[PDB]
Amino acid sequence: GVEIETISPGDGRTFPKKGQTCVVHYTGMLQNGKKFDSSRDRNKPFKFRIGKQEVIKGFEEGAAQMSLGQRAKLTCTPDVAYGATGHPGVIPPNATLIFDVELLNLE
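- As stated in the entry header, the method of structure determination is cryo-EM and the reported resolution is 4.5 Å.

Printed below as a string of structure tokens:
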């Protein structure tokens, strides 16, 4: 379950394909909570590739459903990343995570 609410400007066609190292200015958020992880805070815009399951499934499926320039808004389900496990100190178990994802990519 990935609910994409794209803020309109972009190109609408440059989709991430397999093995494409793509660039996302991500900015995390918790449902009824604050930020937890931000490439914008690090100013290191997270050059990640598609097809290795490096990123979580809530962040991976949101990438290919966007295009270059687009600014979507992830509402990631708990069961795809940390719903029963939970990260120690960052992500509690059964958290519905929120992301400011703007696909300004490469390749």
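1. Quick word on the pattern of salt bridges
Now for step 1: Scanning the model with the defined rule gives three salt bridges in all.
Now for step 2: Residues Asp 100 and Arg 71 are paired through a salt bridge, measuring 3.6 Å at the closest nitrogen-oxygen approach. With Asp 100 in strand β5 (residues 97–102) and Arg 71 in strand β4 (residues 71–76), this pair connects stretches of sequence that are 29 residues apart.

2. Side note on the environment of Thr 6
Now for step 1: With respect to the helices and strands, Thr 6 occurs in the segment before β1 (21–23).
Now for step 2: Residue classification places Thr 6 among the partly exposed residues on the basis of a relative accessible area of 32%.
Now for step 3: For the pair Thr 6 and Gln 53, spaced 47 residues apart in sequence, the C-alpha separation works out to 23 Å.
Now for step 4: Not counting the four nearest positions on each side in its chain, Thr 6 is found in contact with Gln 70, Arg 71 and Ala 72.

3. A closer look at the sheet that holds strand β2 (residues 28–30)
Hydrogen bonds along the backbone pair up the strands of a sheet, which may run parallel or antiparallel.
Now for step 1: A sheet is described by the order of its strands in space; here three strands give the open sequence β2-β5-β4, paired in antiparallel fashion. Each edge of the open sheet carries a strand with a single partner, namely β2 and β4. The sheet shows a mean angle of 20° between the axes of neighbouring strands, taken without regard to direction.
Now for step 2: Sheet topology note: the β2/β5 ladder contains three bridges and is antiparallel. The residue of β5 that forms the bridge with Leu 30 is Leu 97.
Now for step 3: Each of β4 and β5 is contacted by helix α2 (residues 57–64), which is oriented at about 150° to β4, the strand it contacts most.

4. Side note on the packing of aromatic side chains
Now for step 1: Scanning all chains against the criterion turns up seven aromatic pairs.
Now for step 2: Considering the side-chain rings of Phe 46 and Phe 59, the 5.9 Å spacing of their centres and the 65° angle between planes classify their relative orientation as edge-to-face. One end of the pair, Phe 46, is in the loop between α1 (39–42) and β3 (47–49); the other, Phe 59, is in helix α2, and 13 residues separate them in sequence.
Now for step 3: Here a set of aromatic residues connected by ring pairs shows up, and it is made of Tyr 26, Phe 36, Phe 46, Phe 48, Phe 59 and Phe 99.

5. Quick look at the nonpolar core
Now for step 1: By size, the foremost hydrophobic cluster in this structure holds 18 residues, and its most contacted members are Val 24, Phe 48, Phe 59, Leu 74, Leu 97, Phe 99 and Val 101.
Now for step 2: Contributions of two or more residues to this core are made by α2, β4 and β5.
Now for step 3: The residues contacting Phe 59, other than those within four sequence positions of it, are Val 24, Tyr 26, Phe 46, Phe 48, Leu 74, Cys 76, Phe 99 and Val 101.

The rules we used
- Counting of residues restarts from 1 for each chain and follows the sequence as written, so the numbers need not equal those of the entry; residues with no coordinates are not shown.
- As shown, the structure covers only some chains of a larger assembly, and all values describe those chains.
- No hydrogens and no water enter the side-chain calculation; it runs on all heavy atoms of the structure.
- Note on definitions: salt bridges are taken to be side-chain nitrogens of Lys or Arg within 4 Å of carboxyl oxygens of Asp or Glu.
- Secondary structure elements follow DSSP: runs of H or I no shorter than four residues count as helices, runs of E no shorter than two count as strands, and numbering proceeds from the N terminus.
- Using a 1.4 Å probe on the protein chains alone, a residue whose accessible area is under 20% of its type maximum counts as buried, one over 50% counts as exposed, and one in between counts as partly exposed.
- In what follows, a contact means two residues having at least one pair of non-hydrogen atoms within 4.5 Å.
- For two strands to pair, DSSP has to find at least two bridges joining them.
- Each axis is a line fitted through C-alpha atoms, and for a helix only the stretch in contact is used; angles between axes span 0 to 180 degrees, taken between their N-to-C directions.
- In this scheme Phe, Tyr and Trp rings, the latter by its six-membered ring, pair at centre separations within 6.5 Å, and the angle between planes marks the pair as stacked below 30 degrees, edge-to-face above 60, and tilted otherwise.
- Put simply, a nonpolar core is a bunch of buried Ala, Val, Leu, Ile, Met, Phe, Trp, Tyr and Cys residues held in one set by side-chain atoms that sit within 4.5 Å of each other.

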